[PDB]
Amino acid sequence: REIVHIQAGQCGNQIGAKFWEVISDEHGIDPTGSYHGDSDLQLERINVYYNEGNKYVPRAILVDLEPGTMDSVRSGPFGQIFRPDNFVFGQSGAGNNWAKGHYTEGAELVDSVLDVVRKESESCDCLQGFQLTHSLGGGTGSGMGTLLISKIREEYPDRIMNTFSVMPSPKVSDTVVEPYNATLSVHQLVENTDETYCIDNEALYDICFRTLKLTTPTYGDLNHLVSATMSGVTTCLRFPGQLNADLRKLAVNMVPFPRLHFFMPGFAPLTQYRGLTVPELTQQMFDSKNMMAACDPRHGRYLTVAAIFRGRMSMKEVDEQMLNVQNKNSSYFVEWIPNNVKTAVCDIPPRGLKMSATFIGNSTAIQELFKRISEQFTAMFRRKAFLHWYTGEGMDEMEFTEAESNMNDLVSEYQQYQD
Amino acid sequence: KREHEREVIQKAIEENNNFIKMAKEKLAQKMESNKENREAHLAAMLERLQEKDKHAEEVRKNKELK
Ligand SMILES: COc1cc([C@@H]2c3cc4c(cc3[C@@H](Nc3ccc5[nH]ncc5c3)[C@H]3COC(=O)[C@H]23)OCO4)cc(OC)c1OC
Ligand SMILES: Nc1nc2c(ncn2[C@@H]2O[C@H](COP(=O)(O)OP(=O)(O)O)[C@@H](O)[C@H]2O)c(=O)[nH]1
Ligand SMILES: [Mg+2]
Ligand code: NA
């Protein structure tokens, strides 16, 4: 059950690169690909994200319309570990236009990328599906990313499709036209992804600014929370244990209805030598200020929830905490889905933490995020502002209208069940 | 979905071409109109001068007549 990782665009390539670094450390793989871990656990499911001179190579394909981002990764610490042939980029760049990526200047490279993917999928003994990282509000990963997803779905319609999509935010914005690109991407994902982890570039900032007390968070700061969250969700897949989660089972248990495949990640300790108590981890995990999506769970209701606790800790005390939360917060849990919350414990703790907790929740509150994006789109789209940059590529206002609508429907759906 | 993708990109192509076309034609019209205009002006100034030359010949014939 190999997972073909795929990272596109600047943001996608930056966060994906750290994700590899982090999970390589945890799995005791150094930049050269050799292994030096002290426990076999590390090598027991390493094939989920690595392929083996007894060296593990990440099963990752890097994609970009400009060399710069991919060249930095190559120069990065683990730049060696990434397979050179898996590097796949062009020179045109996407000028931050979904169009330029999903239509004009991506249709070229997309084929090249599908070839590497095909090669990775062939070697895979049992292809679990595909993992993708991108920023819904840019050009290559917003637009070209959703294009590759569609292509991928046609070739591999029996595989799980999961995306770590980085929702753009005014607090951390690059261009006025970022809402437009997000709305188009959102609708692509609604239809061609089974699982999407919404990482709001807003929240991350907040967390950093407020909690972590960082006046001028840089993109690295946000990326650091992102890599941690990533390792979290991916733990059960990487490391063996009682619950050997897989993409399909993950979708089967957390997705009551297809369109509703957007999840609010949460992590604690938000970074330290004082290991938190199992009660502490459990209260922070569900803490809004510890969720990477900028939505209040109290404003909606948890369809489904899944927790993981890495590190040595009392399994019983863990179960007790979870039970308490559910019982004290019964109103925030859908009644129609019995037992909608489940927890799992991994012995290997995150890097540099004695113990942590990762939260994955399909809350109706997630609609807040899409409402924000929809309002922005509406603001500009009501006056057709900046639309010429897309109409120049051959797009049509109607297509903007459609995507706008769909994202509103999705918002409605989350509310329906909320009430 | 794939057809619409091919439609978009062909639309953007046809858009650019059409612009280049319209531009080229317009510039060619304005160059010729201006050119005609300018030559006309010059040809009329010359013809006026020639008509003045004929008047001077006639004045010379009028004196010779007397
Ligand atoms: C938090 O921990 C995780 C849980 C899951 C989901 C999941 C999601 C849920 C849920 C239960 C389950 C659970 N489902 C399951 C499967 C087989 C079973 N066999 N016998 C019992 C049994 C139960 C996981 C075991 O495999 C999965 O992928 C499943 O309740 C509401 O949301 C995936 C993970 O990866 C990301 C994960 O890591 C973070
Ligand atoms: N968290 C995070 N967000 C990023 C990063 N880089 C870019 N972004 C966001 O990505 C959006 C722009 O997309 P970009 O990376 O430039 O996409 P591209 O056209 O494919 O390169 C902006 O909202 C930024 O907020 C990053 O490294 N980390
Ligand atoms: Mg950029
Ligand atoms: Na080109």
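Protein chains in written order, with PDB author numbering: chain B, 2 to 42, 45 to 55, 58 to 276, 282 to 360, 369 to 437; chain E, 75 to 140.
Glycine included, each C-beta is placed from N, C-alpha and C at the ideal position.
- In this structure B:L286 is not in contact with B:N380, their Cβ atoms being roughly 25 Å apart against a cut-off of 8 Å.
- The set of residues with CB atoms less than 7 Å from any heavy atom of ligand 4 reads, in chain order, B:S97, B:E110, B:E113.
- Cα atoms of B:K156 and B:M149: separation of roughly 10 Å, rounded to the nearest angstrom.
- The C-alpha of B:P175 lies about 7 Å from the C-alpha of B:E207.
- Residues of chain B with a Cβ closer than 7 Å to the Cβ of E:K75 are, in chain order, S155.
- Distances between the C-beta of B:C203 and the heavy atoms of ligand 1 are all 8 Å or more.
- B:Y342 counts as buried, since at least 16 other C-beta atoms from the protein chains shown sit within 10 angstroms of its C-beta.
- Contact between B:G134 and B:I4 holds: CB atoms are separated by about 7 Å, below the 8 Å threshold.
- If you draw a 10 Å sphere on the C-beta of B:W346, you find fewer than 16 other C-beta atoms in it, and that means exposed.
- Cβ atoms of B:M398 and B:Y185 come within 8 Å of each other, at about 7 Å.
- Counting only residues whose CB is nearer than 5 Å to a non-hydrogen atom of ligand 1, the list in chain order is B:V238, B:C241, B:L248, B:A250, B:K254, B:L255, B:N258, B:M259, B:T314, B:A316, B:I318, B:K352, B:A354.
- Put simply, the CB of E:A86 is near chain B, with a gap under 9 Å to one of its CB atoms.
- Only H107, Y108, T109, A112 from the segment 106-126 of chain B bring a Cβ to less than 8 Å from some Cβ of chain E.
- When DSSP states are grouped into helix, strand and coil, B:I378 belongs to the strand group.
- Sorting B:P289, B:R284, B:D211 by C-alpha distance to the C-alpha of B:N300 places B:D211 at the top.
- Three or more beta-carbon pairs separated by less than 8 Å link the segment 163-179 of chain B to the segment 136-147 of chain B, which places the two stretches in contact.
- The beta-carbon of E:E79 is placed less than 9 Å from the nearest beta-carbon of chain B.
- At a cut-off of 9 Å, the C-beta of B:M398 has no neighbouring C-beta in chain E.
- Think of a sphere of 9 Å around the beta carbon of E:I94: no beta carbon from chain B falls inside it, the nearest being about 14 Å out.
- At a cut-off of 9 Å, the C-beta of B:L313 has no neighbouring C-beta in chain E.
- By the criterion of at least three beta-carbon pairs nearer than 8 Å, the segment 199-206 of chain B is not in contact with the segment 315-330 of chain B.
- Taking B:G237 as reference, the option from B:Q11, B:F20, B:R79 with the minimal CA-CA separation is B:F20.
- Going by DSSP, B:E27 is part of the alpha helix (DSSP H) stretching over 10-27.
- B:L255 sits in a helix when the DSSP states are folded into three classes.
- Secondary structure of B:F296 (DSSP, three-state): coil.
- Residue-level contact check: B:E411 touches chain E, since one or more beta carbons of chain E fall below 9 Å from its beta carbon.
- Going by DSSP, B:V238 is part of the alpha helix (DSSP H) stretching over 224-238.
- Distances from the CB of B:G84 to the heavy atoms of ligand 2 are all 8 Å or more.
- According to the DSSP secondary-structure assignment, B:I30 is paired through a beta bridge with B:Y36.
- Here B:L141 is not bridged, per DSSP, to any residue.
- Taking 8 Å as the cut-off, one finds at least one heavy atom of ligand 2 near enough to the beta carbon of B:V171.
- Residues of chain B whose Cβ lies closer than 8 Å to the Cβ of E:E89 are, in chain order, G410, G412.
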